[PDB]
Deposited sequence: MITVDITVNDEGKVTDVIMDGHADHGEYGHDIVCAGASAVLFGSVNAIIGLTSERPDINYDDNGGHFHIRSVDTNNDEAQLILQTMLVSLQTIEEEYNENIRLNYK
């Protein structure tokens, strides 16, 4: 099972997303990180263990509307996978 921990601050901004246990879920997450970097000015703080586990996206500019839209898109896409394969568990922190 893949676990996705999602942290939304008091201002409604996605500050952290951590995926662990990681085809659909991985493509959505990695693709979204590449989109934030390639399409916006936001450069998230990315950390992961030596095995590629505990993949943590930490937002730097939480007021970047474009990066926030991409993160929300990533979450809607992960919720779409979860709805069909409830394999993946989304946890809202």
Checklist outcome for this item: The record leaves without C-alpha coordinates the deposited-sequence stretches 23 to 34, 99
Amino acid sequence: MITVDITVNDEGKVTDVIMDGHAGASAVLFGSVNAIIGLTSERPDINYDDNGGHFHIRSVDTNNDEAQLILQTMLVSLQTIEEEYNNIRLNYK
From here on, numbers count along this sequence of modelled residues.
Checklist entry - On average, which has the higher Cα B-factor in the deposited entry, 62 to 70 or 44 to 52? => result 44 to 52
Next on the checklist: Sorting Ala23, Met19, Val76, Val14 by Cα temperature factor from the record, which one lands on top?
Outcome noted: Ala23
